[PDB]
Amino acid sequence: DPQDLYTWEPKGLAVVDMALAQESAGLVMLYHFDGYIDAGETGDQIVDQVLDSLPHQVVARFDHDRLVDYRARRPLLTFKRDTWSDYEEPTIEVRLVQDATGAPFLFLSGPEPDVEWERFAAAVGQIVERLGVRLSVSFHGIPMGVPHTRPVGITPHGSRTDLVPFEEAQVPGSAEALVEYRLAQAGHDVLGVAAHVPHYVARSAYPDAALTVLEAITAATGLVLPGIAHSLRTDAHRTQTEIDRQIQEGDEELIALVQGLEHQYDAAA
Amino acid sequence: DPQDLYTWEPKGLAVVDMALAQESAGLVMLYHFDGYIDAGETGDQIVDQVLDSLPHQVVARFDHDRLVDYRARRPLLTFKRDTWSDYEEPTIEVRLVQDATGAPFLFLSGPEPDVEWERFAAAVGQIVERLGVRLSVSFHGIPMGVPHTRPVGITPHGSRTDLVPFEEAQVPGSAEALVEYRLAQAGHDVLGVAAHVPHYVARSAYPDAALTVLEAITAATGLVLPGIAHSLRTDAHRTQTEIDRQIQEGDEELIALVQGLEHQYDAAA
Amino acid sequence: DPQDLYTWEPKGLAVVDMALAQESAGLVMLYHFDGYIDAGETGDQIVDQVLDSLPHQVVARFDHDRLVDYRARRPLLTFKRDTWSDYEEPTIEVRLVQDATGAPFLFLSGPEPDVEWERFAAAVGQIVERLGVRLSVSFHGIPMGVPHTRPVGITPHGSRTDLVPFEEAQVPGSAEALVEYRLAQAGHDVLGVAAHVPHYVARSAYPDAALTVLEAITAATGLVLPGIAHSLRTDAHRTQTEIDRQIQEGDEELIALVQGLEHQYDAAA
Ligand SMILES: [Mg+2]
Ligand SMILES: [Mg+2]
């Protein structure tokens, strides 16, 4: 049943098994899918930065042809000349990656599965067990009533909340969330980091939120990612400038919104 | 093939088989899913009232992990502290229930399956056969050009129309409708009851419609449900008061709408 | 795996095998699904005209119960009296058809599969191989900045572009497109014909576009379809009259739109 959902790449698996043999602690796995709420593209930016900047290769491939609804989110063909020249498969993969140090870690990403989340969670549990994963770490942005002119708040959640140095709510499920819940029920350590992203900047990239999340992750896992922190820092500068001019040049109501949210923020702590 | 879609709870099945042994007529099954048009939440109110008020337990469990698209309708996790504390599975179940008398009946409900309706209908046919179901009964609200100030009309439909004491249309299918159609083709008695709900109150609870449907059901099946009829009656009083003040305090056009629909209604019969 | 997705009708298959025995060239297959962009209903009109006008029968039936999301596009039941009298199955079928000559060809149509496009493409490849298909031909409308007062442009694409007597883009995939891409990778000849349909008439029937596409198809395949060309020609006359009166009687901005698009059109070639 759940094992039918994925297959192993021997190269990636050999390299993992050699990391496991040389370090008894085991590996961290980061995971994040594209398809649920992710205010400010906080998780999406991090996924992009990892896969674009760091050396990696596949270790397990999920069967996206069974898991991904193609009419709902239509993968891109490329047209060149006259004919189809290429196709972006909507892959869902566990990759072996190295940080700037050369330290190995795992990274599970692609489109959020549309279906069969219980079987998918159970598959991810077998992968976590087979690859000696010691900690699984999810991350995303949630839109909040907070100002862009104050630092990004975060909500760490899961069983390893202690790694990031009153509340009872119902949240629409996502595949990562159910994966996290099933992993914890099986005894595995989970953390998650949700960035608090200002509602009114939520539907573009908010690099400050990706940066603040990347530094909680890096602080919690011991992974070292200075090039990515730097690129995000740079984007955040450009983005704060753009946001300032928008508010400054807009509506009275929008100005009054930011000041009203600043006041709420400063009055709390 | 269709048997893979569900499994039996032995406790619930034993209790059913003992009901079957003591009454040769067999049982009635009510069924209603969440996911198609149900003006006034007519079916939804009845589902809620049954499952909340009457003693019941599972007899068959469908494989919701195969049948329910999780990204389209995302089941709720609960967050408590710091971490996921619980999860509302999107279950699809045939339950044994007793009315206020202690008379047994079956109740099939949960999210409307998104996929595989032919295999699902055929599974429900095997369940209906194995559990000695004598009558299957669906129920929902359809939005109509009728006034809230006149009684709820109903359209009984199916092979047992006689149980509720000119027309040729194409209707978007729903899982219950295709189940009803396949059951009838296999010789099984089906009724359905559609409440006529005023368009302009259709997108909230319209307890009058649930009440009028509950009393056709109860009259057609011999089931006795006075506590539920009472709670619905009470809600309907509150709801008629709210609607009256809305129309009375709104637009000229809305007042003119209700009077125009009253006139149409009174001129017919 | 892919063979589970369809079954053969022996009658249709015998008649195909006899066509194959009498003509070594093999057959052409046209295919077009309902569910992706098709400006002006260009492909839809052709599908309708073929299936309504020409003698045909099933050769292969796909398992729509696995491939078609029923809640997303709900097949029609028919209500008559009092009860369900009929049901429009959302079939996906390869049909044997004859043109006005009696020349055989194949026609694959129904709702675009929602899921499992890789397995579906591979199934269509086995069907193309088993039925001696020499050319597979897709066709649809794309909305463009062009005037309704100038002829319909077309973009032929695929490996047999030569049959219809600078450009590098990413296009959302559709099932036909991925089928075309997999077929070409397996050595099979594909053509496609996309009609350029004026944006502002795109969301109804634009018979001129179906006609222009039908004549490229007919010219590329050697099929003869004069009755269908005639009906489309007739609709196009009615449609050009309706569009002229709309523009003529509308906004200054809409008049200025058509003239601005005419100017762009005439300045190119
Ligand atoms: Mg969907
Ligand atoms: Mg599916």
# chains A, B, ... in the order shown; residues from 1 in each chain; ligands from 1
>>> interface_residues(of="chain A", to="chain B", cutoff="8 Å", atoms="only C-alpha atoms", output="VMD selection string")
chain A and resid 113 to 119 156 to 159 161 166 to 174 178 181
>>> select_by_dssp(residues="region 86-222 of chain C", states="helix (DSSP H, G or I)", output="number ranges by chain")
C: 117-130, 161-163, 175-185, 199-201, 207-221
>>> write_last_selection(atoms="C-alpha atoms", output="compact mmCIF listing (two decimals), in the first residue's frame")
# COMPACT_ATOMS: atom_id res chain seq x y z
CA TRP C 117 -2.09 11.89 -17.60
CA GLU C 118 1.18 9.94 -17.93
CA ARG C 119 -0.64 6.54 -17.72
CA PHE C 120 -3.42 7.94 -20.01
CA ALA C 121 -0.85 9.13 -22.63
CA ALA C 122 0.82 5.72 -22.50
CA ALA C 123 -2.60 4.03 -23.00
CA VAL C 124 -3.35 6.21 -26.01
CA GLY C 125 0.12 5.23 -27.39
CA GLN C 126 -0.85 1.52 -27.16
CA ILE C 127 -4.15 2.23 -28.87
CA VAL C 128 -2.40 4.21 -31.64
CA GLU C 129 0.02 1.28 -32.13
CA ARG C 130 -2.68 -1.45 -32.05
CA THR C 161 3.69 20.72 -39.76
CA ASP C 162 4.42 20.19 -43.46
CA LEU C 163 0.88 18.93 -43.95
CA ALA C 175 -4.22 15.98 -21.67
CA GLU C 176 -4.06 16.21 -25.49
CA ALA C 177 -0.85 18.18 -25.37
CA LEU C 178 0.85 15.70 -23.11
CA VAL C 179 -0.54 12.82 -25.23
CA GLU C 180 0.93 14.60 -28.36
CA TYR C 181 4.33 15.06 -26.63
CA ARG C 182 4.53 11.38 -25.49
CA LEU C 183 3.36 10.14 -28.89
CA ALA C 184 6.04 12.18 -30.66
CA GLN C 185 8.72 10.93 -28.29
CA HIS C 199 -10.37 37.63 -27.52
CA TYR C 200 -13.65 39.54 -27.49
CA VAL C 201 -15.66 36.75 -29.22
CA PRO C 207 -17.86 28.93 -36.35
CA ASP C 208 -15.34 30.60 -38.60
CA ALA C 209 -12.62 29.26 -36.38
CA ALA C 210 -14.04 25.67 -36.46
CA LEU C 211 -14.42 25.98 -40.21
CA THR C 212 -10.85 27.21 -40.75
CA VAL C 213 -9.54 24.42 -38.54
CA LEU C 214 -11.77 21.76 -40.20
CA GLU C 215 -10.32 22.75 -43.65
CA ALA C 216 -6.69 22.59 -42.47
CA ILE C 217 -7.49 19.14 -40.96
CA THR C 218 -9.28 17.89 -44.10
CA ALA C 219 -6.47 19.32 -46.31
CA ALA C 220 -3.75 17.65 -44.06
CA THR C 221 -5.51 14.20 -43.69
>>> calpha_fit_and_write(fixed="chain B", moving="chain A", output="mmCIF file with C-alpha atoms, in the first residue's frame")
data_model
loop_
_atom_site.group_PDB
_atom_site.id
_atom_site.type_symbol
_atom_site.label_atom_id
_atom_site.label_comp_id
_atom_site.auth_asym_id
_atom_site.auth_seq_id
_atom_site.Cartn_x
_atom_site.Cartn_y
_atom_site.Cartn_z
ATOM 1 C CA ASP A 1 -13.436 -3.939 -7.109
ATOM 2 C CA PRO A 2 -16.391 -2.210 -5.211
ATOM 3 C CA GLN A 3 -15.860 -4.257 -2.041
ATOM 4 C CA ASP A 4 -12.334 -2.677 -1.679
ATOM 5 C CA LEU A 5 -14.056 0.609 -0.987
ATOM 6 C CA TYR A 6 -15.350 -0.215 2.511
ATOM 7 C CA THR A 7 -14.844 -2.489 5.499
ATOM 8 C CA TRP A 8 -17.423 -3.755 8.159
ATOM 9 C CA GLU A 9 -17.422 -3.023 11.914
ATOM 10 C CA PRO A 10 -18.295 -6.358 13.505
ATOM 11 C CA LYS A 11 -20.164 -4.772 16.522
ATOM 12 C CA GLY A 12 -22.361 -2.664 14.274
ATOM 13 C CA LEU A 13 -22.863 -5.587 11.863
ATOM 14 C CA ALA A 14 -23.848 -8.041 14.708
ATOM 15 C CA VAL A 15 -26.389 -5.537 16.041
ATOM 16 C CA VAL A 16 -27.831 -5.116 12.467
ATOM 17 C CA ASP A 17 -28.009 -8.860 11.887
ATOM 18 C CA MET A 18 -29.952 -9.261 15.189
ATOM 19 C CA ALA A 19 -32.381 -6.441 14.117
ATOM 20 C CA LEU A 20 -32.779 -8.389 10.760
ATOM 21 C CA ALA A 21 -33.429 -11.653 12.532
ATOM 22 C CA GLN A 22 -36.219 -10.050 14.716
ATOM 23 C CA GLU A 23 -37.862 -8.040 11.860
ATOM 24 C CA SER A 24 -38.394 -9.537 8.404
ATOM 25 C CA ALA A 25 -39.414 -6.133 6.743
ATOM 26 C CA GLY A 26 -35.752 -4.992 7.072
ATOM 27 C CA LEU A 27 -34.384 -1.521 7.696
ATOM 28 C CA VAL A 28 -34.655 1.932 6.176
ATOM 29 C CA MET A 29 -31.467 3.684 5.158
ATOM 30 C CA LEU A 30 -31.289 7.526 5.041
ATOM 31 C CA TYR A 31 -28.333 8.964 3.128
ATOM 32 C CA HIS A 32 -27.029 12.396 2.488
ATOM 33 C CA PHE A 33 -23.660 13.759 1.723
ATOM 34 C CA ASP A 34 -22.106 17.180 2.182
ATOM 35 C CA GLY A 35 -20.991 18.666 -1.159
ATOM 36 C CA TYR A 36 -23.842 19.309 -3.641
ATOM 37 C CA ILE A 37 -26.620 21.908 -3.692
ATOM 38 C CA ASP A 38 -28.637 21.828 -0.449
ATOM 39 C CA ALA A 39 -30.538 25.142 -0.307
ATOM 40 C CA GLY A 40 -31.334 26.251 3.191
ATOM 41 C CA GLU A 41 -28.946 23.486 4.543
ATOM 42 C CA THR A 42 -32.036 21.360 4.590
ATOM 43 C CA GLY A 43 -30.161 18.017 4.440
ATOM 44 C CA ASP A 44 -27.234 19.254 6.468
ATOM 45 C CA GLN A 45 -29.515 20.241 9.411
ATOM 46 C CA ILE A 46 -31.089 16.818 9.478
ATOM 47 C CA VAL A 47 -27.691 15.057 9.373
ATOM 48 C CA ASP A 48 -26.491 17.225 12.278
ATOM 49 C CA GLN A 49 -29.605 16.633 14.306
ATOM 50 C CA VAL A 50 -29.532 12.850 13.817
ATOM 51 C CA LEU A 51 -25.824 12.364 14.634
ATOM 52 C CA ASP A 52 -25.921 14.793 17.549
ATOM 53 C CA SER A 53 -29.176 13.508 19.152
ATOM 54 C CA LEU A 54 -29.582 9.825 18.646
ATOM 55 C CA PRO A 55 -27.429 6.828 19.844
ATOM 56 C CA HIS A 56 -25.453 5.386 16.935
ATOM 57 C CA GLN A 57 -22.317 3.441 15.897
ATOM 58 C CA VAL A 58 -20.482 2.485 12.738
ATOM 59 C CA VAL A 59 -21.529 -0.542 10.649
ATOM 60 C CA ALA A 60 -19.512 0.114 7.437
ATOM 61 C CA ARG A 61 -16.622 2.551 6.902
ATOM 62 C CA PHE A 62 -15.826 3.754 3.361
ATOM 63 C CA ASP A 63 -12.168 4.447 2.394
ATOM 64 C CA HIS A 64 -12.391 8.238 2.467
ATOM 65 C CA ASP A 65 -8.581 8.416 1.824
ATOM 66 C CA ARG A 66 -9.321 7.217 -1.756
ATOM 67 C CA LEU A 67 -12.716 8.999 -2.242
ATOM 68 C CA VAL A 68 -12.178 12.528 -0.855
ATOM 69 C CA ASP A 69 -10.096 15.165 -2.556
ATOM 70 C CA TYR A 70 -8.169 16.685 0.350
ATOM 71 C CA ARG A 71 -7.018 19.937 -1.302
ATOM 72 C CA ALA A 72 -10.563 20.732 -2.474
ATOM 73 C CA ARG A 73 -12.121 20.398 0.936
ATOM 74 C CA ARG A 74 -9.419 20.414 3.575
ATOM 75 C CA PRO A 75 -10.306 18.528 6.796
ATOM 76 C CA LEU A 76 -9.693 20.445 10.035
ATOM 77 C CA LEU A 77 -6.699 19.860 12.278
ATOM 78 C CA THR A 78 -6.857 21.094 15.759
ATOM 79 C CA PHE A 79 -3.985 23.147 17.196
ATOM 80 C CA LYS A 80 -3.559 23.175 20.923
ATOM 81 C CA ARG A 81 -0.685 24.880 22.653
ATOM 82 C CA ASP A 82 2.021 24.475 20.321
ATOM 83 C CA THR A 83 1.137 21.382 18.277
ATOM 84 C CA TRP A 84 -1.509 19.356 16.422
ATOM 85 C CA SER A 85 -3.809 17.754 19.038
ATOM 86 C CA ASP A 86 -6.472 16.245 16.821
ATOM 87 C CA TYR A 87 -7.733 15.815 13.278
ATOM 88 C CA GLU A 88 -11.359 15.656 11.894
ATOM 89 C CA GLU A 89 -11.208 12.696 9.427
ATOM 90 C CA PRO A 90 -13.527 13.282 6.453
ATOM 91 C CA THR A 91 -15.338 10.010 7.178
ATOM 92 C CA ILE A 92 -17.990 8.410 5.053
ATOM 93 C CA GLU A 93 -19.838 5.817 7.136
ATOM 94 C CA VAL A 94 -23.004 3.741 7.296
ATOM 95 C CA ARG A 95 -24.207 4.008 10.909
ATOM 96 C CA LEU A 96 -26.798 2.046 12.847
ATOM 97 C CA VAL A 97 -29.020 4.508 14.694
ATOM 98 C CA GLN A 98 -32.148 4.338 16.901
ATOM 99 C CA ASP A 99 -34.972 6.809 16.780
ATOM 100 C CA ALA A 100 -36.722 8.120 19.957
ATOM 101 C CA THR A 101 -38.615 4.747 20.138
ATOM 102 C CA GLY A 102 -35.417 2.646 19.958
ATOM 103 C CA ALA A 103 -36.341 1.551 16.425
ATOM 104 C CA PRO A 104 -33.201 0.840 14.367
ATOM 105 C CA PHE A 105 -32.403 2.468 11.055
ATOM 106 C CA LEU A 106 -29.258 3.097 8.934
ATOM 107 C CA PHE A 107 -27.733 6.477 8.127
ATOM 108 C CA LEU A 108 -25.050 6.975 5.379
ATOM 109 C CA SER A 109 -23.369 10.375 5.526
ATOM 110 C CA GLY A 110 -20.075 12.361 5.230
ATOM 111 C CA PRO A 111 -18.504 14.343 2.390
ATOM 112 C CA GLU A 112 -19.882 13.566 -1.072
ATOM 113 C CA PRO A 113 -17.227 11.364 -2.786
ATOM 114 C CA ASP A 114 -15.354 13.388 -5.395
ATOM 115 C CA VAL A 115 -14.484 10.427 -7.590
ATOM 116 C CA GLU A 116 -15.406 6.892 -8.643
ATOM 117 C CA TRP A 117 -19.143 7.314 -8.331
ATOM 118 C CA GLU A 118 -19.978 4.163 -10.342
ATOM 119 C CA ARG A 119 -17.826 1.935 -8.041
ATOM 120 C CA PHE A 120 -19.189 3.855 -4.976
ATOM 121 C CA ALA A 121 -22.840 3.326 -6.111
ATOM 122 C CA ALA A 122 -22.123 -0.360 -6.641
ATOM 123 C CA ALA A 123 -20.573 -0.571 -3.125
ATOM 124 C CA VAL A 124 -23.627 1.072 -1.583
ATOM 125 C CA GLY A 125 -25.784 -1.500 -3.491
ATOM 126 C CA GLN A 126 -23.831 -4.356 -1.821
ATOM 127 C CA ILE A 127 -24.252 -2.723 1.566
ATOM 128 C CA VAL A 128 -28.002 -2.236 0.979
ATOM 129 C CA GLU A 129 -28.271 -5.934 0.010
ATOM 130 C CA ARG A 130 -26.137 -7.242 2.919
ATOM 131 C CA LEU A 131 -27.962 -5.161 5.543
ATOM 132 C CA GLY A 132 -31.580 -6.050 4.467
ATOM 133 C CA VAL A 133 -32.351 -2.398 3.576
ATOM 134 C CA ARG A 134 -35.947 -2.194 2.376
ATOM 135 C CA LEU A 135 -35.962 1.548 1.428
ATOM 136 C CA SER A 136 -33.215 4.076 0.813
ATOM 137 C CA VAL A 137 -34.159 7.739 1.341
ATOM 138 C CA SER A 138 -32.226 10.826 0.171
ATOM 139 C CA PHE A 139 -33.210 14.434 1.013
ATOM 140 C CA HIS A 140 -32.035 17.977 0.200
ATOM 141 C CA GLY A 141 -33.112 21.620 -0.477
ATOM 142 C CA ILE A 142 -33.385 23.128 -3.958
ATOM 143 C CA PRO A 143 -33.596 26.904 -4.332
ATOM 144 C CA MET A 144 -37.017 27.911 -5.964
ATOM 145 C CA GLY A 145 -38.950 31.136 -6.766
ATOM 146 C CA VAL A 146 -41.242 30.774 -3.766
ATOM 147 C CA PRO A 147 -41.858 33.022 -0.723
ATOM 148 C CA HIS A 148 -40.614 32.365 2.832
ATOM 149 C CA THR A 149 -44.094 33.479 3.928
ATOM 150 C CA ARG A 150 -45.797 30.378 2.428
ATOM 151 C CA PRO A 151 -45.263 26.725 3.433
ATOM 152 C CA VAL A 152 -42.265 24.713 2.150
ATOM 153 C CA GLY A 153 -43.219 22.760 -1.043
ATOM 154 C CA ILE A 154 -41.580 19.380 -1.625
ATOM 155 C CA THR A 155 -40.843 17.222 -4.655
ATOM 156 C CA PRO A 156 -40.873 13.508 -3.628
ATOM 157 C CA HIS A 157 -39.077 11.483 -6.323
ATOM 158 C CA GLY A 158 -37.852 7.853 -6.867
ATOM 159 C CA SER A 159 -39.773 4.529 -6.993
ATOM 160 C CA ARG A 160 -41.667 5.030 -3.716
ATOM 161 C CA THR A 161 -43.345 8.307 -4.383
ATOM 162 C CA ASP A 162 -46.556 6.790 -2.994
ATOM 163 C CA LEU A 163 -45.115 7.026 0.505
ATOM 164 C CA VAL A 164 -45.427 10.777 0.356
ATOM 165 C CA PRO A 165 -49.181 11.270 -0.416
ATOM 166 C CA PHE A 166 -45.754 17.463 -16.452
ATOM 167 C CA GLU A 167 -42.001 17.447 -15.724
ATOM 168 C CA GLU A 168 -38.839 16.485 -17.716
ATOM 169 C CA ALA A 169 -35.452 18.045 -16.770
ATOM 170 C CA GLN A 170 -31.619 17.572 -16.789
ATOM 171 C CA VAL A 171 -30.035 18.009 -13.366
ATOM 172 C CA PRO A 172 -26.295 18.037 -12.521
ATOM 173 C CA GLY A 173 -25.541 14.654 -10.928
ATOM 174 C CA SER A 174 -24.544 14.223 -7.342
ATOM 175 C CA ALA A 175 -23.260 10.998 -5.633
ATOM 176 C CA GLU A 176 -26.630 10.364 -3.910
ATOM 177 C CA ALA A 177 -28.514 10.826 -7.148
ATOM 178 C CA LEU A 178 -26.353 8.380 -9.013
ATOM 179 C CA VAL A 179 -26.523 5.956 -6.042
ATOM 180 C CA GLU A 180 -30.393 6.308 -6.168
ATOM 181 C CA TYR A 181 -30.428 5.671 -9.956
ATOM 182 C CA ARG A 182 -28.185 2.545 -9.707
ATOM 183 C CA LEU A 183 -30.134 1.240 -6.717
ATOM 184 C CA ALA A 184 -33.426 1.593 -8.591
ATOM 185 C CA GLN A 185 -32.013 -0.136 -11.644
ATOM 186 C CA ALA A 186 -31.107 -3.036 -9.338
ATOM 187 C CA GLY A 187 -34.792 -3.424 -8.166
ATOM 188 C CA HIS A 188 -34.380 -1.523 -4.829
ATOM 189 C CA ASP A 189 -36.991 0.941 -3.516
ATOM 190 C CA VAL A 190 -35.703 4.588 -3.374
ATOM 191 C CA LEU A 191 -37.294 7.706 -2.233
ATOM 192 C CA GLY A 192 -36.026 11.193 -2.202
ATOM 193 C CA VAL A 193 -37.465 14.384 -0.815
ATOM 194 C CA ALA A 194 -36.392 17.822 -2.238
ATOM 195 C CA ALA A 195 -37.623 20.903 -0.202
ATOM 196 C CA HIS A 196 -38.453 24.048 -2.201
ATOM 197 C CA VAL A 197 -36.438 26.755 -0.464
ATOM 198 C CA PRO A 198 -36.860 30.487 -1.262
ATOM 199 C CA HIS A 199 -33.833 31.585 -3.392
ATOM 200 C CA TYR A 200 -33.233 34.637 -1.221
ATOM 201 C CA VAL A 201 -32.872 32.628 2.049
ATOM 202 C CA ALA A 202 -31.077 29.697 0.410
ATOM 203 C CA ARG A 203 -27.515 30.313 1.610
ATOM 204 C CA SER A 204 -28.362 29.915 5.234
ATOM 205 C CA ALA A 205 -30.061 27.478 7.463
ATOM 206 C CA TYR A 206 -33.744 27.344 6.731
ATOM 207 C CA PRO A 207 -35.110 25.132 9.504
ATOM 208 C CA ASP A 208 -38.612 25.128 8.106
ATOM 209 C CA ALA A 209 -37.305 23.273 5.110
ATOM 210 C CA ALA A 210 -35.486 20.643 7.279
ATOM 211 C CA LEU A 211 -38.611 20.313 9.378
ATOM 212 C CA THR A 212 -40.924 19.839 6.378
ATOM 213 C CA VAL A 213 -38.536 17.262 4.935
ATOM 214 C CA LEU A 214 -38.076 15.483 8.312
ATOM 215 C CA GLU A 215 -41.913 15.063 8.576
ATOM 216 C CA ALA A 216 -42.281 13.679 5.031
ATOM 217 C CA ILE A 217 -39.408 11.241 5.861
ATOM 218 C CA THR A 218 -40.895 10.229 9.235
ATOM 219 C CA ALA A 219 -44.380 9.898 7.636
ATOM 220 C CA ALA A 220 -42.929 7.761 4.722
ATOM 221 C CA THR A 221 -40.650 5.480 6.906
ATOM 222 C CA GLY A 222 -42.519 5.053 10.197
ATOM 223 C CA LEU A 223 -39.468 6.401 12.109
ATOM 224 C CA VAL A 224 -40.249 8.591 15.131
ATOM 225 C CA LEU A 225 -38.196 11.704 15.688
ATOM 226 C CA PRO A 226 -40.167 14.201 17.958
ATOM 227 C CA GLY A 227 -37.118 15.787 19.735
ATOM 228 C CA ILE A 228 -35.550 16.661 16.338
ATOM 229 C CA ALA A 229 -38.905 17.951 14.944
ATOM 230 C CA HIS A 230 -39.119 20.109 18.071
ATOM 231 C CA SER A 231 -35.613 21.634 17.877
ATOM 232 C CA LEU A 232 -36.144 22.391 14.124
ATOM 233 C CA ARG A 233 -39.595 23.941 14.891
ATOM 234 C CA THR A 234 -37.886 26.220 17.437
ATOM 235 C CA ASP A 235 -35.120 27.296 15.027
ATOM 236 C CA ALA A 236 -37.733 27.921 12.354
ATOM 237 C CA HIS A 237 -39.542 30.397 14.670
ATOM 238 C CA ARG A 238 -36.276 32.303 15.216
ATOM 239 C CA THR A 239 -35.451 32.147 11.559
ATOM 240 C CA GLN A 240 -38.891 33.506 10.352
ATOM 241 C CA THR A 241 -38.543 36.432 12.756
ATOM 242 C CA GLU A 242 -35.019 37.195 11.376
ATOM 243 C CA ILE A 243 -36.202 36.957 7.761
ATOM 244 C CA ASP A 244 -39.257 39.147 8.374
ATOM 245 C CA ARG A 245 -37.126 41.931 9.843
ATOM 246 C CA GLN A 246 -34.657 41.717 7.005
ATOM 247 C CA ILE A 247 -37.267 42.054 4.293
ATOM 248 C CA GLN A 248 -39.213 44.643 6.293
ATOM 249 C CA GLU A 249 -36.093 46.769 6.847
ATOM 250 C CA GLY A 250 -34.576 46.344 3.367
ATOM 251 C CA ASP A 251 -34.994 47.609 -0.197
ATOM 252 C CA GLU A 252 -38.304 48.398 -1.866
ATOM 253 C CA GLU A 253 -37.182 45.844 -4.479
ATOM 254 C CA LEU A 254 -36.863 43.100 -1.906
ATOM 255 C CA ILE A 255 -40.304 43.863 -0.449
ATOM 256 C CA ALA A 256 -41.652 43.853 -4.043
ATOM 257 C CA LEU A 257 -39.853 40.512 -4.643
ATOM 258 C CA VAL A 258 -41.607 38.743 -1.729
ATOM 259 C CA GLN A 259 -45.043 40.115 -2.685
ATOM 260 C CA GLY A 260 -44.489 39.200 -6.359
ATOM 261 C CA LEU A 261 -43.540 35.602 -5.284
ATOM 262 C CA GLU A 262 -46.559 35.376 -2.879
ATOM 263 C CA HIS A 263 -48.821 36.400 -5.731
ATOM 264 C CA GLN A 264 -47.301 33.644 -8.015
ATOM 265 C CA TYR A 265 -47.690 31.143 -5.195
ATOM 266 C CA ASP A 266 -51.339 32.004 -4.359
ATOM 267 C CA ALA A 267 -52.352 32.083 -8.005
ATOM 268 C CA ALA A 268 -51.118 28.452 -8.405
ATOM 269 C CA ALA A 269 -53.689 26.165 -6.500
#
>>> select_by_dssp(residues="region 104-220 of chain B", states="strand (DSSP E or B)", output="JSON, numbers by chain")
{"B": [104, 105, 106, 107, 108, 109, 110, 111, 133, 134, 135, 136, 137, 138, 139, 140, 141, 142, 143, 144, 154, 155, 156, 157, 158, 168, 169, 170, 171, 172, 190, 191, 192, 193, 194, 195, 196, 197, 198]}
